[PDB]
Amino acid sequence: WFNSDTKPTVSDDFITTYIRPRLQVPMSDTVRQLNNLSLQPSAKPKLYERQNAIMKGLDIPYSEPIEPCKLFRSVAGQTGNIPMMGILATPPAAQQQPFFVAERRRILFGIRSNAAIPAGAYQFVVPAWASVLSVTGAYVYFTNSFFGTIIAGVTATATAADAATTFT
Amino acid sequence: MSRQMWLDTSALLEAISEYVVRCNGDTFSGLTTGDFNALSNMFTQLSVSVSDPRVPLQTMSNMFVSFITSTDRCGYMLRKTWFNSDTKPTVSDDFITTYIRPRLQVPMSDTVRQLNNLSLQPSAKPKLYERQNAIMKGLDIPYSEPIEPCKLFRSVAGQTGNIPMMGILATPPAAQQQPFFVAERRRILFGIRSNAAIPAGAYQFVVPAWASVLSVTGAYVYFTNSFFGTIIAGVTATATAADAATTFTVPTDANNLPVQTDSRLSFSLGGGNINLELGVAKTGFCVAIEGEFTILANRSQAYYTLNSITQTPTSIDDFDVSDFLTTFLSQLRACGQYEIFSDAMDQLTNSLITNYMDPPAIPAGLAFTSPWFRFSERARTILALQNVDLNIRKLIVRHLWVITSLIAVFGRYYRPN
Amino acid sequence: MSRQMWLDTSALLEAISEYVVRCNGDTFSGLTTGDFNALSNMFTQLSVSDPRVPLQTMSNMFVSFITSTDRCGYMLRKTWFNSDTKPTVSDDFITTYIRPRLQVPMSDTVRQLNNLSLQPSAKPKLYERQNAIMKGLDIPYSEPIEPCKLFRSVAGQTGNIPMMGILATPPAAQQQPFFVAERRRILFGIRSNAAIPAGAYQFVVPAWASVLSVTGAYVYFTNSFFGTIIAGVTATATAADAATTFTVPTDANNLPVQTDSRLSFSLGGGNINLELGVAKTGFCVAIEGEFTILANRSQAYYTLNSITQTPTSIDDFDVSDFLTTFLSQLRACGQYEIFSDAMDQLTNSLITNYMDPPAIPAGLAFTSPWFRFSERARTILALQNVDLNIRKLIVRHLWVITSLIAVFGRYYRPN
Amino acid sequence: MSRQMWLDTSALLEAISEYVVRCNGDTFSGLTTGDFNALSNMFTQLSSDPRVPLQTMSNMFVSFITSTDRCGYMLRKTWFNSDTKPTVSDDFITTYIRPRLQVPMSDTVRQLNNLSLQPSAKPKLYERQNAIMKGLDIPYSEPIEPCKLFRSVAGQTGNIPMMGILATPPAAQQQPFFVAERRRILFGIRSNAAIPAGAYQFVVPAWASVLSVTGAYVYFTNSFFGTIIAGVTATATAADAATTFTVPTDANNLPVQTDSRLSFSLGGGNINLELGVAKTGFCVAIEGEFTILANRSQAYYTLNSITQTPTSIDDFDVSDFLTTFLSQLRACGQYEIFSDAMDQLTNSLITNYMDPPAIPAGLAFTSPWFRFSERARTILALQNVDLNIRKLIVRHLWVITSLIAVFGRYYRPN
Amino acid sequence: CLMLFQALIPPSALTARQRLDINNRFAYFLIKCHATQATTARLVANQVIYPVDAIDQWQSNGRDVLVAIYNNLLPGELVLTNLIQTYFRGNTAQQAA
Amino acid sequence: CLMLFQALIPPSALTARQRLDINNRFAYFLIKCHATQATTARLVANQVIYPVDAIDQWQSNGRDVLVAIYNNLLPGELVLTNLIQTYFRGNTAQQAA
């Protein structure tokens with residue numbers, strides 16, 4: 001049933017009564033296609049769209065926003081997302097490993113430590129799940145909060161003097 | 001329909017390719033090109049019942065993807081009967097009807113092919129057609145066609161793997177070890193490793209079943225210490241101008257073949273064993289045969305029929321499909337179907353294996369470690385089910401290959417809309 | 001005239017070259033061959049009996065043309081590379097030889113249809129490279145390339161070949177990872193004087209390689225780089241050892257290392273995740289197979305967009321390999337000197353137009369001749385007083401002129 | 001017939017090959033392709049089933065090249081030296097050997113070719129026959145593996161041999177070495193103790209003085225054919241001073257250990273390396289595309305780059321084309337019989353090239369007729385025979401070998 | 001015309017018989033103009049369609065031959081399937097009967 | 001006359017139907033009068049053209065026979081390649097199509 005558009009052998013009247021083709025064609029499609037490219041897609045999509053992706057693997061609107069923390073899956077180093085919270089709140093023992101969490105409206109990445117980290121170049125790897133995101137109208141800054149919870153072992157502090165911190 | 005038909009057409013789509021290549025930038029305003037005149041007529045042969053060849057080719061690929069995807073439709077192609085015989089199947093499927101038909105001019109096509117194996121400079125990178133005909137009908141490959149020996153490699157009683165031996169070869173040895181026979185892309189290596197000198201004299205090397213079909217020309221033979229650019233330990237590549245000559249023999253040539261000479265040799269490991277005669281005692285040696293390798297006439301059946309295999313598990317290459325699938329894969333990713341197509345292939349595969357086994361049901365312990373297009377590996381996984389007759393395992397890999405080859409040829413112009 | 005009308009012809013001549021190679025030794029008496037009957041008509045198209053005459057005549061006028069800044073000057077202004085605007089310039093050469101010759105729209109459709117074909121030409125004409133570097137077009141998906149050319153400089157490594165020396169010097173302490181590329185394979189790893197524990201290690205695939213894909217590739221542990229032993233790396237292992245595998249964000253399954261299995265994978269995900277099964281005193285992984293550039297990504301290479309640092313290592317898109325014939329002709333009639341000075345003139349006058357205000361920049365001195373492009377390219381791409389983007393365009397532009405020369409001058413017979 | 005009439009018909013069969021390849025798997029029912037019209041008319045000019053006429057020919061050719069009484073006229077110095085129409089009536093020669101190429105067109109085309117952009121990377125035998133026999137030019141852009149171009153010179157006796165030596169730790173600073181692999185060229189100086197910074201000249205051996213490189217990378221290495229070289233350090237630091245070398249053809253220095261692609265020619269004199277830092281033995285490597293300078297191909301093919309004796313010599317690749325014919329010979333027991341008939345052909349050839357008409361003393365071959373690489377060295381090692389006559393014998397025998405590799409292939413007597 | 005005519009009248013307009021006939025004439029048309037020599041043969045063999053040359057038998061009644069074809073088409077015979085389905089306004093071969 | 005007349009009028013003046021017939025009547029004429037016994041036979045075998053006695057198989061229907069003859073000519077058939085190419089004012093067979 002899930003795999004093919006193949007004709008069912010079943011003869012039950014609920015199906016006959018209500019379930020049958022409804023969408024005009026090919027037009028109905030050439031529209032949802034022409035959609036993906038529209039400037040302001042729906043903020044809160046219908047189940048239809050998801051249904052199509054999850055089943056036929058169809059494209060979602062390019063400009064459709066999503067909360068990244070949903071996109072989250074488990075990977076090598078990190079077991080989960082929200083659980084890392086209790087950890088990021090515990091003072092560190094020594095310089096730890098790179099963390100990559102996500103909230104509803106923002107992506108967080110960094111390195112905690114009880115001892116200062118030298119100035120220089122550091123390489124971060126984007127987790128397989130977040131490697132799909134894209135951002136526009138973004139304010140990239142330093143912080144000590146995660147879901148309203150304090151991130152210890154990290155200090156965002158500066159001076160109008162500090163050298164410029166960038167990324168690529 | 002007929003397995004033959006799917007091939008004639010495949011060959012035609014490959015013809016289309018060949019000429020699309022030949023015509024790139026060779027299409028001028030008042031210039032009649034014999035090439036474009038063919039690329040022209042060939043398109044015509046696909047199925048008139050026109051200006052943009054992209055469309056009809058596109059339509060075709062689309063229908064093929066749709067076809068090869070539904071077990072219900074392409075099901076007839078996954079039964080042992082299809083691979084074993086030239087029986088016209090009683091199956092009507094719009095796709096098969098429209099595109100799959102006898103396209104090669106008989107008997108001429110065959111005679112031209114034969115005449116080919118015997119010609120001077122064959123194609124170095126041959127079409128899939130040839131490989132298909134080899135793997136399926138077990139036909140001969142051209143006598144002058146070069147191949148990378150390392151592919152020819154299979155596992156034998158002595159050493160389990162080829163690339164795996166590299167790690168061992170680089171480790172300083174404890175005592176004098178048994179001989180080794182490895183292969184690289186452009187050369188073959190063999191010798192004996194030891195922590196203490198090895199006396200001068202004669203030593204026999206058993207040419208492993210897999211290489212027993214090789215042949216070289218314009219080859220330099222010498223003492224070396226590297227395997228794929230990796231340093232081999234327990235071997236000395238040193239020698240002096242004063243040293244006594246070291247030579248070896250092959251059961252095919254009555255004369256001794258020189259080692260460490262600027263002479264270009266021609267011999268065939270096609271017989272029994274090679275007899276090396278170390279002129280000076282060495283603390284471990286490694287001979288290298290680096291030249292053009294070809295497969296002895298009428299022995300290609302070993303490589304392609306998976307006959308050069310007897311151990312289990314075994315190492316096996318992929319007859320190069322992986323190199324052809326590139327385009328089609330790029331397309332599948334271009335329109336988000338890479339996922340779906342995969343899952344459909346797993347289905348294709350499983351259903352295939354199922355039919356090759358009485359009683360009709362998947363064998364226990366079967367779990368692939370790789371996706372449908374890393375054939376190399378799945379072939380191994382399949383050739384590793386000890387609860388299934390061996391000859392059957394071979395057929396499955398052979399068969400599954402042909403399907404994969406077909407997917408690589410037909411799917412290329414795929415674009416849904 | 002039009003940048004198109006030039007290429008449209010460069011492709012015609014480059015077509016006569018190909019077709020001549022087909023009739024060589026295949027020209028028989030009494031037999032009308034498809035190949036020759038074609039070549040024969042491709043001559044009729046330059047003279048609006050003896051092909052050497054017009055070909056030679058053409059080459060001659062071309063040299064005469066590409067030599068005088070007064071004549072071929074219009075081709076050295078930013079406008080000619082940026083647009084298909086029909087120039088108002090009357091020059092005997094341009095009039096007689098540079099005209100539209102390719103059949104439209106058929107040609108492009110055939111080209112597109114190609115990128116999707118099975119076996120492209122392994123050694124592509126200049127045309128393809130021309131269209132790529134100029135109009136940012138696509139290159140066939142199945143065309144192979146030597147990853148080392150694809151190389152450019154990044155933060156960590158300022159070079160590929162130069163690292164050879166450093167890799168060969170035993171190490172003091174565990175160093176940062178390295179990513180180098182040969183002609184037929186890629187190498188990455190970590191050098192160390194002391195054992196590196198078992199576990200996971202991440203490798204940031206460098207910008208220049210993130211457009212690479214392999215097929216029929218073997219992946220193993222090695223210690224050689226271009227045939228030069230690498231120190232601080234153990235290529236040793238046992239049959240008892242725990243398996244070592246890596247993953248790419250493109251494939252959900254682990255790719256085995258040190259196996260006779262031919263792999264296919266893509267460094268597009270930009271992130272290799274290696275899992276060293278057994279601690280090793282420095283390791284180096286090799287990916288040897290067929291290399292291709294990911295679909296719709298060849299723009300990075302040919303548009304010089306993969307360039308991030310200054311100065312930078314840069315190849316030459318292979319022009320060097322096509323110039324040979326023309327150079328051999330230049331030496332055989334002493335012009336080699338005169339032509340070089342006329343190119344330094346061509347090059348200067350070009351760079352001039354690409355800079356406001358119209359004047360040569362300070363600090364510009366070439367270390368090599370017009371035909372060693374590879375270097376001249378790095379020289380131009382090293383002037384930190386000129387906008388980066390403008391640097392790139394100059395290189396690209398000059399490349400096209402260099403290429404047209406390599407195609408049009410070959411039949412040069414002065415006298 | 002004429003030395004020509006054999007080349008024109010060798011070119012015909014070498015076209016029937018190329019086209020039989022072009023037509024394989026491109027022979028569909030509803031279309032008669034351009035290529036197949038050719039291959040089908042090329043059969044018409046050999047005087048339904050093409051296997052038959054081609055097979056008949058090969059059979060008659062083996063029968064001919066086997067009997068010294070018939071093919072004799074071909075083994076005389078007059079046949080390789082001139083275009084003289086021989087008065088010999090032989091069924092084979094009358095039926096198959098005749099002028100086939102269109103004159104003057106054929107030549108002009110070839111000429112135009114050497115000048116074209118991308119020539120065949122694996123040329124036919126025809127081109128090689130014309131080089132070795134008429135001493136004609138090879139396409140300027142055709143690549144070749146330098147190690148084939150190698151001959152022995154005063155300093156070092158051999159190329160591959162040097163391998164063993166380079167691999168042995170040295171005693172003291174030795175003389176310079178100039179080896180060649182398939183895709184690159186090596187040169188440098190081995191030592192057990194530091195070699196000071198400064199200039200050093202390297203004499204470009206006569207065999208390599210006709211080479212040319214493009215898209216080449218030049219760096220310090222320690223391997224020869226994958227064999228570790230000892231007494232050389234490939235190490236260096238980023239801080240190190242720059243090491244550059246020069247050629248008498250280019251006024252500018254050519255960097256070493258850089259990612260820049262170089263183009264220079266080893267034709268003019270010697271190369272002037274300038275070690276920037278002191279190295280405990282060094283080896284420079286020139287890896288790129290190698291080509292034979294224009295109008296200098298007479299060296300390699302006319303055996304003119306030969307100065308010592310004995311000498312290391314390649315085989316002009318005949319070994320690569322013979323494969324087919326050989327596989328045919330073994331499939332019908334003739335392999336033995338043919339070899340003996342060749343030893344006969346060879347002897348009888350060497351004979352006529354020597355006054356007085358007799359086999360020289362000390363001549364014993366260590367390899368069969370098809371391992372030409374070795375037989376050529378054996379013939380180029382007879383110090384009791386004039387050098388120039390030794391060369392002509394190899395050249396002449398090669399052409400006969402090649403003709404065999406081309407005409408025999410369709411052999412099937414039974 | 002007949003086809004267009006069908007959109008203007010309700011089924012109640014024609015004889016229960018003729019509506020049936022019409023279906024059969026369409027069926028004949030399909031088999032005779034849109035079916036491969038193969039599809040036909042199979043249907044003839046399994047006694048679904050009366051031999052194409054049985055003029056009289058195709059004009060008798062009591063068998064909605066259209067429905068039969070529709071019900072016995074293979075998943076591969078896409079064109080026929082579309083034609084019939086569209087004619088039957090989406091109802092499946094099952095729902096049709 | 002018909003051939004001359006074609007130079008006094010733009011295509012627009014003749015029915016796109018007839019314009020096609022003309023091309024066919026010409027192809028007939030070529031095959032009938034200027035084609036080798038060997039050239040004809042090849043075409044017939046490859047189903048490009050129908051035998052000349054098939055008076056009925058030449059009557060017009062969509063296909064532009066001339067274009068097909070032209071598209072399937074061989075290098076050596078100079079005589080025809082001229083006639084046709086000249087008729088088609090220099091356009092290649094693939095252009096004419």
# chains A, B, ... in the order shown; residues from 1 in each chain; ligands from 1
$ calpha_fit_rmsd --fixed "chain F" --moving "chain E"
0.6 Å
$ residues_around --residues "residue 20 in chain E" --least-positions-apart "5" --cutoff "12 Å" --atoms "only C-alpha atoms" --output "ChimeraX atom specification"
/E:11,14-15,25-27,58-67
$ write_last_selection --atoms "N, CA, C and O atoms" --output "compact mmCIF listing (two decimals), in the first residue's frame"
# COMPACT_ATOMS: atom_id res chain seq x y z
N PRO E 11 -28.00 8.63 -16.90
CA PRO E 11 -28.13 7.24 -17.35
C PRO E 11 -29.58 6.84 -17.60
O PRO E 11 -29.87 6.02 -18.47
N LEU E 14 -31.08 6.39 -21.30
CA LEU E 14 -30.95 5.32 -22.27
C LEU E 14 -31.36 3.99 -21.68
O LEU E 14 -31.44 3.85 -20.46
N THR E 15 -31.62 3.03 -22.56
CA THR E 15 -32.02 1.69 -22.17
C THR E 15 -30.93 1.07 -21.34
O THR E 15 -29.76 1.29 -21.60
N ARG E 25 -19.06 -1.25 -27.57
CA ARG E 25 -18.52 -0.71 -28.80
C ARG E 25 -17.23 -0.02 -28.48
O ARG E 25 -16.29 -0.06 -29.27
N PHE E 26 -17.17 0.59 -27.31
CA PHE E 26 -15.97 1.28 -26.87
C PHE E 26 -14.89 0.23 -26.67
O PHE E 26 -13.74 0.41 -27.07
N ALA E 27 -15.28 -0.87 -26.03
CA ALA E 27 -14.37 -1.97 -25.77
C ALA E 27 -13.77 -2.46 -27.09
O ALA E 27 -12.56 -2.58 -27.23
N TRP E 58 -19.56 -9.99 -30.85
CA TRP E 58 -19.26 -8.71 -30.21
C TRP E 58 -20.49 -7.83 -30.16
O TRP E 58 -20.48 -6.78 -29.50
N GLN E 59 -21.54 -8.23 -30.86
CA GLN E 59 -22.73 -7.41 -30.87
C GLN E 59 -23.86 -7.98 -30.05
O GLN E 59 -24.91 -7.35 -29.93
N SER E 60 -23.67 -9.17 -29.48
CA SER E 60 -24.70 -9.76 -28.62
C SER E 60 -24.60 -8.99 -27.30
O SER E 60 -23.77 -8.07 -27.19
N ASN E 61 -25.42 -9.33 -26.31
CA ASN E 61 -25.33 -8.64 -25.02
C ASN E 61 -25.25 -9.58 -23.83
O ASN E 61 -25.05 -10.80 -23.99
N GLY E 62 -25.38 -9.02 -22.63
CA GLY E 62 -25.30 -9.81 -21.43
C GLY E 62 -23.89 -9.85 -20.87
O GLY E 62 -23.61 -10.58 -19.92
N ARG E 63 -22.97 -9.10 -21.46
CA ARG E 63 -21.61 -9.08 -20.95
C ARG E 63 -20.97 -7.73 -21.16
O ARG E 63 -20.72 -7.31 -22.28
N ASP E 64 -20.71 -7.05 -20.06
CA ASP E 64 -20.09 -5.74 -20.12
C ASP E 64 -18.61 -5.96 -20.45
O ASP E 64 -17.74 -5.78 -19.60
N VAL E 65 -18.33 -6.36 -21.69
CA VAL E 65 -16.96 -6.64 -22.10
C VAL E 65 -15.96 -5.58 -21.69
O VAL E 65 -14.80 -5.89 -21.43
N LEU E 66 -16.40 -4.33 -21.62
CA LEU E 66 -15.49 -3.27 -21.23
C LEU E 66 -14.99 -3.63 -19.84
O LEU E 66 -13.78 -3.77 -19.62
N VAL E 67 -15.93 -3.80 -18.92
CA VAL E 67 -15.61 -4.16 -17.54
C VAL E 67 -14.65 -5.35 -17.47
O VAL E 67 -13.76 -5.39 -16.62
$ residues_around --residues "residue 324 in chain B" --least-positions-apart "2" --cutoff "12 Å" --atoms "only C-alpha atoms" --output "mmCIF file with N, CA and C atoms, in the first residue's frame"
data_model
loop_
_atom_site.group_PDB
_atom_site.id
_atom_site.type_symbol
_atom_site.label_atom_id
_atom_site.label_comp_id
_atom_site.auth_asym_id
_atom_site.auth_seq_id
_atom_site.Cartn_x
_atom_site.Cartn_y
_atom_site.Cartn_z
ATOM 1 N N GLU B 14 23.620 2.806 -25.854
ATOM 2 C CA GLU B 14 25.052 3.009 -25.659
ATOM 3 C C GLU B 14 25.602 3.575 -26.954
ATOM 4 N N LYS B 125 38.759 1.329 -22.823
ATOM 5 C CA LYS B 125 37.640 1.452 -21.885
ATOM 6 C C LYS B 125 36.432 1.004 -22.704
ATOM 7 N N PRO B 126 36.102 -0.293 -22.650
ATOM 8 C CA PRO B 126 34.989 -0.897 -23.385
ATOM 9 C C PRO B 126 33.602 -0.589 -22.844
ATOM 10 N N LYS B 127 32.623 -0.591 -23.752
ATOM 11 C CA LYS B 127 31.228 -0.325 -23.404
ATOM 12 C C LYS B 127 30.744 -1.364 -22.401
ATOM 13 N N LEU B 128 29.530 -1.188 -21.896
ATOM 14 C CA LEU B 128 28.982 -2.148 -20.962
ATOM 15 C C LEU B 128 28.578 -3.370 -21.758
ATOM 16 N N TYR B 129 28.152 -3.139 -22.996
ATOM 17 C CA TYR B 129 27.720 -4.214 -23.879
ATOM 18 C C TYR B 129 28.619 -5.435 -23.792
ATOM 19 N N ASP B 318 33.797 -5.426 -9.098
ATOM 20 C CA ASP B 318 32.424 -5.166 -9.547
ATOM 21 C C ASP B 318 32.281 -5.004 -11.058
ATOM 22 N N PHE B 319 33.225 -5.557 -11.801
ATOM 23 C CA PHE B 319 33.204 -5.473 -13.247
ATOM 24 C C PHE B 319 33.011 -4.061 -13.726
ATOM 25 N N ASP B 320 33.396 -3.125 -12.867
ATOM 26 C CA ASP B 320 33.343 -1.697 -13.158
ATOM 27 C C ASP B 320 31.982 -0.980 -13.236
ATOM 28 N N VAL B 321 30.879 -1.623 -12.877
ATOM 29 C CA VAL B 321 29.610 -0.904 -12.967
ATOM 30 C C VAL B 321 29.683 0.425 -12.235
ATOM 31 N N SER B 322 30.200 0.395 -11.015
ATOM 32 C CA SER B 322 30.308 1.603 -10.213
ATOM 33 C C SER B 322 30.751 2.829 -11.010
ATOM 34 N N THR B 326 27.655 6.523 -12.182
ATOM 35 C CA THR B 326 27.811 7.926 -11.807
ATOM 36 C C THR B 326 26.699 8.843 -12.322
ATOM 37 N N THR B 327 26.534 8.952 -13.635
ATOM 38 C CA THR B 327 25.482 9.813 -14.168
ATOM 39 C C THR B 327 24.133 9.577 -13.499
ATOM 40 N N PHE B 328 23.566 8.388 -13.687
ATOM 41 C CA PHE B 328 22.264 8.069 -13.108
ATOM 42 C C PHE B 328 22.127 8.421 -11.630
ATOM 43 N N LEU B 329 23.194 8.246 -10.865
ATOM 44 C CA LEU B 329 23.143 8.579 -9.451
ATOM 45 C C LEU B 329 23.043 10.083 -9.288
ATOM 46 N N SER B 330 23.781 10.822 -10.112
ATOM 47 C CA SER B 330 23.752 12.282 -10.032
ATOM 48 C C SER B 330 22.358 12.784 -10.314
ATOM 49 N N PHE B 373 24.139 0.371 -5.172
ATOM 50 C CA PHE B 373 25.118 0.802 -6.158
ATOM 51 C C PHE B 373 26.572 0.597 -5.753
ATOM 52 N N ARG B 374 26.810 -0.071 -4.627
ATOM 53 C CA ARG B 374 28.181 -0.363 -4.214
ATOM 54 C C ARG B 374 28.386 -1.850 -4.493
ATOM 55 N N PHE B 375 27.781 -2.293 -5.596
ATOM 56 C CA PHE B 375 27.798 -3.672 -6.073
ATOM 57 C C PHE B 375 28.951 -4.504 -5.594
ATOM 58 N N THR B 404 21.686 -4.286 -12.780
ATOM 59 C CA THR B 404 22.351 -3.052 -12.379
ATOM 60 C C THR B 404 22.953 -2.340 -13.571
ATOM 61 N N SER B 405 23.566 -3.109 -14.461
ATOM 62 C CA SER B 405 24.172 -2.530 -15.648
ATOM 63 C C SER B 405 23.072 -1.835 -16.434
ATOM 64 N N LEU B 406 21.972 -2.548 -16.659
ATOM 65 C CA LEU B 406 20.846 -1.990 -17.387
ATOM 66 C C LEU B 406 20.366 -0.678 -16.747
ATOM 67 N N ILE B 407 20.231 -0.660 -15.423
ATOM 68 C CA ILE B 407 19.785 0.558 -14.761
ATOM 69 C C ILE B 407 20.711 1.719 -15.062
ATOM 70 N N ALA B 408 22.006 1.436 -15.124
ATOM 71 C CA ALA B 408 23.004 2.464 -15.386
ATOM 72 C C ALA B 408 22.928 3.015 -16.799
ATOM 73 N N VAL B 409 22.454 2.193 -17.719
ATOM 74 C CA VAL B 409 22.354 2.628 -19.092
ATOM 75 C C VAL B 409 21.068 3.379 -19.322
ATOM 76 N N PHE B 410 19.951 2.742 -18.983
ATOM 77 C CA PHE B 410 18.629 3.320 -19.196
ATOM 78 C C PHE B 410 18.206 4.517 -18.359
ATOM 79 N N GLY B 411 18.501 4.501 -17.067
ATOM 80 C CA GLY B 411 18.064 5.592 -16.214
ATOM 81 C C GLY B 411 18.628 6.983 -16.394
ATOM 82 N N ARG B 412 19.791 7.086 -17.019
ATOM 83 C CA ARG B 412 20.483 8.359 -17.213
ATOM 84 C C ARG B 412 19.699 9.632 -17.558
ATOM 85 N N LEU C 116 25.289 13.922 -19.697
ATOM 86 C CA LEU C 116 24.577 12.792 -19.139
ATOM 87 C C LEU C 116 24.959 11.455 -19.735
ATOM 88 N N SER C 117 25.805 11.457 -20.762
ATOM 89 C CA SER C 117 26.198 10.199 -21.395
ATOM 90 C C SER C 117 27.263 9.424 -20.620
ATOM 91 N N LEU C 118 27.318 8.123 -20.909
ATOM 92 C CA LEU C 118 28.212 7.163 -20.261
ATOM 93 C C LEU C 118 29.701 7.422 -20.284
ATOM 94 N N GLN C 119 30.282 7.367 -21.476
ATOM 95 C CA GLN C 119 31.713 7.565 -21.621
ATOM 96 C C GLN C 119 32.079 8.823 -22.405
ATOM 97 N N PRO C 120 32.285 9.943 -21.685
ATOM 98 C CA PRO C 120 32.643 11.245 -22.259
ATOM 99 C C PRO C 120 34.060 11.106 -22.762
ATOM 100 N N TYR C 141 29.144 14.890 -16.401
ATOM 101 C CA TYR C 141 29.188 14.289 -15.083
ATOM 102 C C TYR C 141 30.182 13.129 -14.961
ATOM 103 N N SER C 142 30.402 12.407 -16.056
ATOM 104 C CA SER C 142 31.310 11.260 -16.031
ATOM 105 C C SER C 142 32.739 11.497 -16.500
ATOM 106 N N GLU C 143 33.129 12.756 -16.670
ATOM 107 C CA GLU C 143 34.491 13.068 -17.101
ATOM 108 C C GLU C 143 35.412 13.003 -15.884
ATOM 109 N N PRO C 144 36.545 12.301 -16.019
ATOM 110 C CA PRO C 144 37.491 12.173 -14.909
ATOM 111 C C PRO C 144 38.527 13.276 -14.887
ATOM 112 N N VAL C 214 34.300 9.682 -6.232
ATOM 113 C CA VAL C 214 35.064 8.526 -6.686
ATOM 114 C C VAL C 214 34.256 7.290 -6.974
ATOM 115 N N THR C 215 34.809 6.486 -7.867
ATOM 116 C CA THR C 215 34.206 5.241 -8.286
ATOM 117 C C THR C 215 35.312 4.212 -8.501
ATOM 118 N N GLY C 216 35.024 2.958 -8.149
ATOM 119 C CA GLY C 216 36.002 1.887 -8.292
ATOM 120 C C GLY C 216 37.271 2.233 -7.541
ATOM 121 N N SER C 264 32.560 3.604 -3.897
ATOM 122 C CA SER C 264 32.001 4.743 -4.613
ATOM 123 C C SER C 264 31.454 5.672 -3.546
ATOM 124 N N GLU C 290 38.764 6.341 -9.534
ATOM 125 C CA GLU C 290 38.476 7.284 -10.601
ATOM 126 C C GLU C 290 37.865 8.533 -9.974
ATOM 127 N N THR C 292 35.941 12.264 -10.287
ATOM 128 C CA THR C 292 35.068 13.088 -11.104
ATOM 129 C C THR C 292 34.553 14.262 -10.280
#
$ closest_atom_pairs --of "chain B" --to "chain F" --cutoff "7 Å" --atoms "only C-alpha atoms" --output "JSON lines"
{"residue": "B:30", "atom": "CA", "partner": "F:91", "partner_atom": "CA", "distance": 5.7}
{"residue": "B:31", "atom": "CA", "partner": "F:92", "partner_atom": "CA", "distance": 6.6}
{"residue": "B:32", "atom": "CA", "partner": "F:92", "partner_atom": "CA", "distance": 5.6}
{"residue": "B:37", "atom": "CA", "partner": "F:71", "partner_atom": "CA", "distance": 6.5}
$ write_last_selection --atoms "N, CA, C and O atoms" --output "PDB file, in the first residue's frame"
ATOM      1  N   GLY B  30      26.350  24.017 -42.334  1.00  0.00           N
ATOM      2  CA  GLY B  30      26.122  23.591 -43.710  1.00  0.00           C
ATOM      3  C   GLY B  30      26.989  22.376 -43.926  1.00  0.00           C
ATOM      4  O   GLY B  30      27.264  21.927 -45.048  1.00  0.00           O
ATOM      5  N   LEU B  31      27.383  21.831 -42.787  1.00  0.00           N
ATOM      6  CA  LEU B  31      28.280  20.708 -42.714  1.00  0.00           C
ATOM      7  C   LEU B  31      27.638  19.367 -42.396  1.00  0.00           C
ATOM      8  O   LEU B  31      27.200  19.137 -41.266  1.00  0.00           O
ATOM      9  N   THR B  32      27.598  18.482 -43.394  1.00  0.00           N
ATOM     10  CA  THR B  32      27.029  17.151 -43.200  1.00  0.00           C
ATOM     11  C   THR B  32      28.108  16.266 -42.575  1.00  0.00           C
ATOM     12  O   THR B  32      29.129  15.977 -43.198  1.00  0.00           O
ATOM     13  N   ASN B  37      24.648  12.225 -38.790  1.00  0.00           N
ATOM     14  CA  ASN B  37      23.688  11.600 -39.679  1.00  0.00           C
ATOM     15  C   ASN B  37      23.286  10.256 -39.100  1.00  0.00           C
ATOM     16  O   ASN B  37      22.224   9.724 -39.403  1.00  0.00           O
TER      17      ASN B  37
END
